[PDB]
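Residue-level listing of the chains:
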Protein chains: 2
Amino acid sequence: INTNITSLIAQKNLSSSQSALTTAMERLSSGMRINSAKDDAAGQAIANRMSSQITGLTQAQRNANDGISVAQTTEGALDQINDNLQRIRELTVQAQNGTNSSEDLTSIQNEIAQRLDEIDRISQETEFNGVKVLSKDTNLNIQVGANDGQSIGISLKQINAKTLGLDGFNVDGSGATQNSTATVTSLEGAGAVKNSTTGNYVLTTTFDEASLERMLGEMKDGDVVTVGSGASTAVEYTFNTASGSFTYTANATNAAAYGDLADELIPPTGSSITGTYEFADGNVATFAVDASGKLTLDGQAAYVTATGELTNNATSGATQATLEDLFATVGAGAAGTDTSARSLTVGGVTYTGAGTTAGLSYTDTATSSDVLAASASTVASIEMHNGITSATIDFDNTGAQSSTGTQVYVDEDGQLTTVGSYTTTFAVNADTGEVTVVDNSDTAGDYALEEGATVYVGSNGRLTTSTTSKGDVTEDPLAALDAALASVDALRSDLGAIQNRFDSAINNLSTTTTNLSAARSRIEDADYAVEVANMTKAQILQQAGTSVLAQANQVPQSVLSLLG
Amino acid sequence: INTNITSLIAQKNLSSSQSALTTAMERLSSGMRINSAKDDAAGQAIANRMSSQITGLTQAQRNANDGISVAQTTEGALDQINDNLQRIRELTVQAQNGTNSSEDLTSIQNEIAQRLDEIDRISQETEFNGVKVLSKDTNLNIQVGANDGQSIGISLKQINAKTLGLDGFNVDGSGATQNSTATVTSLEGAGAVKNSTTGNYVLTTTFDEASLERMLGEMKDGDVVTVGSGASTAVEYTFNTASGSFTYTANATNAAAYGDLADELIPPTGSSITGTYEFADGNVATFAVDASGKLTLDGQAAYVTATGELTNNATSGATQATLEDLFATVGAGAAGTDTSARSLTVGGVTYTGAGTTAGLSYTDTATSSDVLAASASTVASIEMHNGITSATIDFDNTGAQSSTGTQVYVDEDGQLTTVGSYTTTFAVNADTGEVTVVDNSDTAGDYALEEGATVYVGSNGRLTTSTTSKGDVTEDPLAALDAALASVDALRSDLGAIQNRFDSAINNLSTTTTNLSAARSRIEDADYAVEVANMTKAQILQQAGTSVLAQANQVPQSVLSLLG
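Quick notes on the rules
- Residues numbered from 1 in each chain as written, not as in the entry; some residues may be left out.
- Chains lettered and ligands numbered in written order.
- Heavy atoms only, no water.
- Helix = DSSP H or I, 4+ residues; strand = E, 2+ residues; numbered from the N terminus.
- Rg over C-alpha atoms; globule rule 2.2 N^0.38 Å.
- Buried < 20%, exposed > 50% of the residue type's maximum accessible area, 1.4 Å probe, protein only.
- Contact = heavy atoms within 4.5 Å.
- Areas by Shrake-Rupley, 256 points an atom, 1.4 Å probe, with all protein chains shown as cover.
- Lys, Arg positive; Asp, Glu negative; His and termini not counted.
- Charge placed at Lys NZ, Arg CZ, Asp CG, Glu CD.
- Pairing = 2+ DSSP bridges.
- Patch = residues over 30% accessible without salt bridge, like charges linked within 9 Å, V, L, I, M, F, W, Y side chains within 5 Å.
- Salt bridge = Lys/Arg side-chain N within 4 Å of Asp/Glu carboxyl O.
- Buried area = accessible area lost by both parts, 1.4 Å probe.
- Expected span 1.5 Å × (residues − 1).
- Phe/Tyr/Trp six-rings, centres within 6.5 Å; stacked < 30°, edge-to-face > 60°.
- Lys NZ or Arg CZ within 6 Å of the ring centre and 35° of its normal.
- Axes fitted to C-alpha atoms, helices over the stretch in contact; angles between N-to-C directions.
- Parallel < 35°, antiparallel > 145°, perpendicular 65-115°, else oblique.
- Left-handed = near helix turned anticlockwise from the far one by under 90°.
- Nonpolar A, V, L, I, M, F, W, Y, C, P; charged D, E, K, R; others polar.
- Arc of directions from axis to C-beta.
- Polar contact = N/O pair within 3.5 Å; in protein donor to acceptor, adjacent residues only side chain to side chain.

Section: the overall build of chain A
Regarding its fold elements, chain A presents 11 helices and 26 strands. In summary, chain A has a C-alpha radius of gyration of 45 Å against a globular reference of 24 Å for 564 residues, an excess of more than 25%. Each of the 564 residues in chain A was classed as buried or not, and the buried ones make up 39%. Looking at chain A alone, contacts between residues at least 24 apart form 60% of all its contacts between residues at least 6 apart. Just so you have it, chain A exposes about 29000 Å², and 49% of that area is on carbon and sulfur atoms. Looking at chain A, you have 26 positive and 65 negative side-chain charges, and the mean spots of the two groups are 20 Å apart.

Concerning the sheet that holds strand 20 (residues 393-395) of chain A
Residues and elements named next belong to chain A. Taken in spatial order, the four strands make up an open sheet running 7-6-19-20, and their pairing is antiparallel. Each edge of the open sheet is held by one strand with a lone partner, namely strand 7 (235-236) and strand 20. In terms of strand pairing, strand 6 (residues 224-227) meets strand 7 through two bridges, oriented antiparallel. Residue pairing in the sheet places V227 in a bridge with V235 of strand 7.

Structural notes on a negative patch on the surface
Residue and element names in this part refer to chain B. A surface patch of like charges, here negative, comprises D260, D263, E264, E324 and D325. With three residues, the single largest contributor to the negative patch is helix 6 (residues 255-264). Here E264 shows up in helix 6. Residue classification places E264 among the exposed positions, given a relative accessible area of 64%.

Things to note about the interface of chain A and chain B
Accessible area lost during the coming together of the parts is what is often quoted as the interface size. Across the boundary between the two partners, chain A contributes 47 residues, which contact 44 residues of chain B. Taking both partners together, chain A and chain B bury about 3600 Å²; carbon and sulfur atoms supply 48% of that area. Considering only the surface of chain A that becomes buried against chain B, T99, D431 and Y528 of chain A emerge as the three largest contributors, covering 17% of it. Our enumeration of links across chain A and chain B arrives at zero salt bridges.

Here we look at helix 1 (residues 5-30) of chain B
Each α-helix turn comprises 3.6 residues. Residues three or four places apart therefore point the same way. Residue and element names in this part refer to chain B. Over its 26 residues, helix 1 extends 38 Å from the first C-alpha to the last, a length consistent with the 38 Å expected when each residue adds 1.5 Å. Those residues of helix 1 not exposed but buried are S7, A10, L14, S17, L21, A24, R27 and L28. The inward-facing, buried residues of helix 1 contact helix 10 (528-554). After helix 1 finishes, the residue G31 shows a positive phi value of roughly 80°.

Details of the packing of aromatic side chains
Residues and elements named next belong to chain A. Following the criterion strictly, the structure yields 14 aromatic pairs over all chains and no others. One aromatic cluster is present, built from ring pairs that chain together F207, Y422 and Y447. Above the plane of the ring of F279 lies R342, whose end atom (NZ or CZ) is 4.3 Å from the centre.

With respect to the pattern of salt bridges
Counted by the stated rule, this structure contains 28 salt bridges over all chains. Here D489 of chain A makes a salt bridge to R492 of chain A, at a shortest N to O gap of 2.9 Å. Of this pair, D489 of chain A and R492 of chain A both sit in helix 9 (residues 477-524), separated by three residues, roughly a single helical turn. Like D489 of chain A, the residue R492 of chain A is buried in the burial classification. The partner of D40 of chain B in a salt bridge is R33 of chain B, and the shortest N-O contact between them spans 3.7 Å. On the basis of relative accessibility, which here comes to 26%, the residue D40 of chain B falls in the partly exposed class.

Some details on the environment of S196 of chain A
With respect to the helices and strands, the residue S196 of chain A is situated in the loop between strand 3 (193-194) and strand 4 (201-206). The sequence separation of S196 of chain A and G145 of chain A amounts to 51 residues, and the corresponding C-alpha distance is 91 Å.

A few points about a nonpolar patch on the surface
Residues and elements named next belong to chain A. Side chains of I1, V559, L560 and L563 sit close together on the surface and give an oily, nonpolar patch of about 360 Å² of accessible area. Along the chain, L560 falls in helix 11 (residues 555-562). Since its relative accessible area comes to 36%, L560 is described here as partly exposed.

Quick word on the sheet that holds strand 22 (residues 416-417) of chain B
Residue and element names in this part refer to chain B. Strand order in this open sheet of three strands is 6-21-22, and the pairing throughout is antiparallel. Pairing within the sheet leaves two strands with one partner each, and these edge strands are strand 6 (208-209) and strand 22. Judged from the two bridges that link them, strand 6 and strand 21 (residues 409-410) form a sheet pairing that is antiparallel. Counterpart to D208 in the pairing with strand 21 is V410.

Topic: the packing of helix 2 (residues 41-95) of chain B against helix 3 (residues 102-125) of chain B
All names here are of chain B. Where helix 2 contacts helix 3, the two axes come as close as 10 Å, and the packing angle between them is 165°. When the interaxial angle is binned, helix 2 and helix 3 end up roughly antiparallel. Crossing angle aside, the handedness with which helix 2 passes helix 3 is left-handed. Taken together, the residues of helix 3 that come into contact with helix 2 (itself represented by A77, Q80, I81, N84, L85, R87, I88, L91, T92, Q94 and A95) are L105, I108, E111, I112, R115, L116, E118, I119 and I122. Residue composition of the contact of helix 2 with helix 3, by class: 12 nonpolar, four polar and four charged.

Some thoughts on the side chain of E531 of chain A
Following the sequence through the fold, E531 of chain A ends up in helix 10 (residues 528-552). Its relative accessible area of 5% is what places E531 of chain A among the buried residues.

Considerations on the environment of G348 of chain B
Among the structural elements, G348 of chain B can be located in the loop between strand 16 (343-346) and strand 17 (349-353). Along the backbone, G348 of chain B and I54 of chain B are 294 residues apart, and their C-alpha atoms lie at a distance of 117 Å.

Considerations on the pairing of strand 19 (residues 380-383) of chain B
All names here are of chain B. Bridging between strand 7 (residues 224-227) and strand 19 involves four bridges; their strand directions are antiparallel. In the sheet register, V227 faces strand 19, and the bridge partner there is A380. Strand direction decides the pairing type here: strand 19 and strand 20 (residues 392-395), joined by four bridges, are antiparallel. Of the residues in strand 20, the one forming a bridge with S381 is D394.

Here's the deal with helix 6 (residues 255-264) of chain A
Residues and elements named next belong to chain A. The complete set of buried residues in helix 6 reads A257, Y258, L261 and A262. The buried residues of helix 6 occupy one face: seen down the axis, they fall within an arc of 125°. Of the residues in helix 6, the exposed ones pointing more than 90 degrees away from the buried face are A255, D263 and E264. Residues of helix 6 that are buried in the fold lie against helix 7 (323-332), strand 17 (350-351) and strand 18 (362-366). Put simply, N254 is the residue that caps the front of helix 6, since its side-chain oxygen is 2.9 Å from the backbone nitrogen of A256.

Some words on the environment of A448 of chain A
Residue and element names in this part refer to chain A. Looking at the element boundaries, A448 is found in the loop between strand 24 (435-440) and strand 25 (456-457). Classification of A448 as partly exposed rests on a relative accessible area of 28%. The spatial distance from the C-alpha of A448 to the C-alpha of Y422 is 8.7 Å, given a sequence separation of 26 residues. Residue contacts for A448: discarding those within four places in its chain leaves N440 and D442.

Re the side chain of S469 of chain A
Residues and elements named next belong to chain A. Position of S469 among the secondary structure elements: in the loop between strand 26 (463-464) and helix 9. Residue classification places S469 among the buried positions, given a relative accessible area of 12%. Within polar-contact distance, the side chain of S469 engages the side chain of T177 at 2.8 Å. A polar contact is formed between the side chain of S469 and the side chain of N179, at a distance of 3.0 Å. With near-sequence residues (within four places) excluded, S469 lies in contact with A176, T177, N179 and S459.

Let's talk about unusual backbone geometry
Residue and element names in this part refer to chain A. You will see that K294, though not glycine, has its phi angle at about 55°, which is positive. Following the sequence through the fold, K294 ends up in the loop between strand 11 (283-284) and strand 12 (296-297). The partly exposed category is assigned to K294, whose relative accessible area is 32%. A positive phi angle, near 60°, is found at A354, a position not held by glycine. Positionally, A354 belongs in the loop between strand 17 and strand 18.

Here's what the structure looks like:
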């Protein structure tokens, strides 16, 4: 007729076979089941995540290999350092023999110094990828995972002749002396005067009292220094040695004083710095100040009430609350004469703001120089607790040591002491010239020389009863070398543990990569059998459909031969 | 298809086998099980500490050998010192014989001094590695351990001819007697008054004035002692050393003196004395005097004439002349009015008249005590002929020297010296105590000790600038030699004990080194059988993995043929 419905079904069934055949061909050529999101959207997403993880795990295997390389290089350098240290130890054992002369000791010291220089050279020159692995106490992070944060830390340490405790190590240095027995010439050089009654030279030693700066340097944790005497001008400049800063409760009183510190803390351009204003209304009314002034609560311009409470909206006839508003209100309290136990602990500093009648108060932090400057025209007092004893010292506005209280002094050895002065009387033997101590006013002090002993001249030029001195490595040299060897061995042990951990990590990464590859294969990879079977079926249907369509184009020919 | 999970597993197993193969290869080539801290961290550290100990112990063996060498050298020197001491002892035993003369004692002392010098030379020259082992009392420290403080002390002593107590050892006089340095106490004891201005000490040595009797005891031949004031009353006594007596001009101015002179010359019973009488005209008559003092002229009675002539012709009533008449005739002349001089020789003494004065002058002898008694009440003087001063020494009537005249003084040694007193100032070194000489008195004095020299207190207690003093033979020399031998034997015994201790220490060091080497071998050395087994297993696994990997890469290709 004019319509060929059968040809239309033939065409539709044919066009289905083209689609099936094309899908089979694409899957066969590409080797992938999921060639598009059409095939499997969820499968494609899971497969892409698996692909990203697999690529990251392979790159993490490479990174772990790099970490292995770093550890191997560092341990190789440390092995040479250990060999040099062991040779130095053998030379030191040789040097302790008494048969060696000074020339022998110097010849041994030549090689010892050469090996120490070699240790330093290995430290400064060993490098992996431009990283001095033996120069810094740092932590190298090796990414052994496909996601952020998965890493292994190699704890690198600085190993030179100085950090090992071998700086200035020697065996040829001078060992002990004889102290050059003192005579009357040493006595008159030291300042001793002779009493004509007995002829025994008396030496009076007077020490210098510690300055306020000296004691401020000698302050310990928690030590309290009061600065001021008049009215309430005394300031409790308690020293927080945890930070090296002297905290103190500062107090302001005037309107401009409330105007300043409110402006000092502020967000520069577009930040939202936040200070904890804590009033006894029932909670800490913390604000959200933005830019210059413009104090706000919950993102809306704030308003102070009669009682000082913070709210984000007040009556129409009221300007917005600024930082100065709340902060001077803290200065002036609340409800007029009410105490208003209040505070403005703004991100740190606790602006308590007094809270009796008016005024400010806040635990500000000054420095040692600040307290020294403050205590320059007023009296100061130091309380040295921490040790049960109090040892309270005082200083006038002039700055001299107070007669009252404990008078601390500094000796000629640079050590603080309470022995301000002491007299020692020596007698000079007219026959041999020997000088022997006789009397000591400091009867129980640490500076007393035992009576009757010969006095010698120390290497530092001071009179003493000791007869020897120092100058070489008198500290046990083999013990120091053993300590250095122990440090090197500890670092080597840490590196070996890290190497084992990296080996385990590489094994785990390999296994996980293989397993995830199998999992992704089960989703994305095509099958030879299934796709070739689909191809063959689609081809057979294609041929059948073409034959059927060719036949169907012939029936209306007969029909219209009957209707024509 | 696209994934080859079987090939991935094959690759992982292949890599593991290759890593095991590499470890086995490295252990085989190195010969050590612990080639890194990866293998055994604690084992590596323990092996390193054991290596340090073993190296220290080998070096300690070397040091102990050095100590053995030092002890052997010192004992070898002491053997020669002992041989010299024994030869000296044998010579001393020889010297004690009473038949030895002074020459033989000097001959023995020559060899004794040579052997003492040899002992000193051995002491000063014996040296090990620049260490004089026989010169100081010290303690040599030999390091016999791998750590600090492990050491053995060789107690070395100073052995010379002085420390053995043989300084100034003699069998003849000789003698050394080391002097003692003078000090301030010596200056005070001597009598030196300290100069409080200059700090020096000034002593004044004074000599007593010469006494008359002491100087008559020092009288020489031909010298004169004049006693009396005035030329007409002085008596001159000329000394004779051969007779030891003083001869003088004795005068007889009275008849009593003539009678006493006759009485002195009176011979005993049966004795006669011959003499001669010279007349004024020169005639000489020979006479003999009998026991009664009565004169016999040629065996006949002698008579004195009116002119004093002696003849045997008898005058009527003339009395026979006695001995006394001759002196009267010679002195007072004949009849008291004859001024003719006469001479009479008798008793070996010649008596002559003054010619114008009645008296006899003759030569008479006297003793020193006679001169002293004569001068005990009248001024005296002594003329020195050969001596320090050939001048007159005057004495008052009281026997004291005249101030206005030459003064002679007797020194501290009983000898004559014109230096009455002398002076010397000493400086005192305030530091050392050494007493040096800065100045003396008049430089003419030979007693002036040397300038700028150390003064010494001699064995006599004197102050002299001379080291040593003349000593005597050694007392109990064999005991001193035995004591020196005992000291040498004691030091040799100490050295032998230290040698035995060093031998034991060396044995212990070798044993401990062997044991620690065995322990370190157990910890560190590689068992070669195990490592070869691991190598073979890894190689077989590598081949199997390569075959399996080839098959795994082969398996997917069936898809191509089965695709069609």
